[PDB]
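Quick setup: one chain, the form deposited in one PDB entry, written in structure tokens, and binding and motion questions come after.
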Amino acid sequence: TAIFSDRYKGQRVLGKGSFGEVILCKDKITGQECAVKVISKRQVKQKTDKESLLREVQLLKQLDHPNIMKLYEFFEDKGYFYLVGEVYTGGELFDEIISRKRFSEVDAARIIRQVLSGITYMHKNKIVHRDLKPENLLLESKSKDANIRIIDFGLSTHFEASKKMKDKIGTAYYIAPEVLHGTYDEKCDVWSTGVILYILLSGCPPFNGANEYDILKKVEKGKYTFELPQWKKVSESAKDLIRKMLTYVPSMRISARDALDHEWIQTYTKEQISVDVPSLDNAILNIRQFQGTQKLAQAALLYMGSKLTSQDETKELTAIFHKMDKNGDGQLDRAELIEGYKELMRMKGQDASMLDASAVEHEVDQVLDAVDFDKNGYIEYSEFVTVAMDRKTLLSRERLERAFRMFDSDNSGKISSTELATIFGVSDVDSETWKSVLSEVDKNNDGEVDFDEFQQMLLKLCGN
């Protein structure tokens, strides 16, 4: 057996995706950088058997297309799967789109042509994505002209998706109705693409509602419309492609390959001809609102989740250190701190950033440096615990504030109760529950909260 950490060292965390964390890693010999998705066997159940997973992996490694993330290697130990792929640095498509001041049907067609081209290739090799959405579209690099790379093609077949809301935010909008009912094939990827296109040209989901379940009720019915004012600025051709992608009965829905030949793709991807090409201003602003809402809901859930974890780990670490403290004096040396923190990791296993003993020792050392000023030999286990854990939550509280500021586009310092309803609907926190909480934070509020109040609401909503 090949051992992942014998070949790769973790450099830093890139982000969190479907099925687990993605870590930027480096080959210890060749210096090659790679993005490694680390799938925790305890958090993510397998749908297929080992034999079937190894065959898919072997096939995925041999496929190459400019719009599909490249998979290089695959490893498995006792606790995890490690999927080693190429690293891309351009970020999510929609986060790039919202930074633009101009965006036209030509831009949307360039985008969707890449996606269809990647999908067409994968379907020829009988691989289905199933969970296609804007988050799965990454830009190769931060350059303006960057290609799209679809991530996670094929994983849904072998791993069961999380039922935690923090993991399924913005999933409901894109799922094909046949996937909900159980009989699906590769045409589900065209539907998801169709939803994405609708969003690109209007900035609003064709199937929408106040919570995950209302969205699904709309998807399952299959009915949508083009009556938004900003569709008047959109070519008839584009709407026609959309109708064909969003056709309810999958045998009647256009194939990926045929969608590539559609008049709209043929017309608006000719690099020269701007026969009539206005900028879709309302769309871009709707997308910016959509995206800020999604990101703030997501950051709010991860904030709560991080706060629940830190309650768990603080108490567990303290009990581990307490038992290691044979003196009873409350002190421990470095190796013991390392030993208990590893004992924590052995139990916790939510920390893919700590891929080997080398990772642990350095985290401990960051904290021993952090104990303000240093006496070597006898360390107050109590303070190390506070600092180790504050460290763990940083990314998530800091991210929460950032996302609040980004959602507050007029810099008003506040979010309205109408806005709270939209955020909490997307986060799937019941309506009665969040108002009761507000009422307790600020008994006099007048339909808006500042950042501190919102944060206090989140703490109450996770039992603090």
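Whichever C-alpha set is largest while still superposing within 1.5 Å between the two forms counts as the rigid core. Shifts are known only where both forms have a C-alpha. Residues carry their position along the shown sequence, with the first being 1.
There is another form of the same protein, the form deposited in another entry; it is not shown, and what comes next is about it.
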With the core superposed between the shown form and the other one, a CA shift of at least 2 Å among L216, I111, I338, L285 belongs only to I338
Superposed on the rigid core, does the Cα of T393 end up 2 angstroms or more away between the shown form and the other one? yes
Query raised in the report: After fitting the rigid core, is the C-alpha of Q366 off by 2 Å or more between the shown form and the other one?
Result: yes
- Message: Does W264 move appreciably between the shown form and the other one, meaning a CA displacement of 2 Å or more on the superposed rigid core?
- Response: no
Core-superposed, runs of 3+ residues with CA shift of 2 Å or more between the shown form and the other one span 142-144, 329-344, 361-372, 379-397
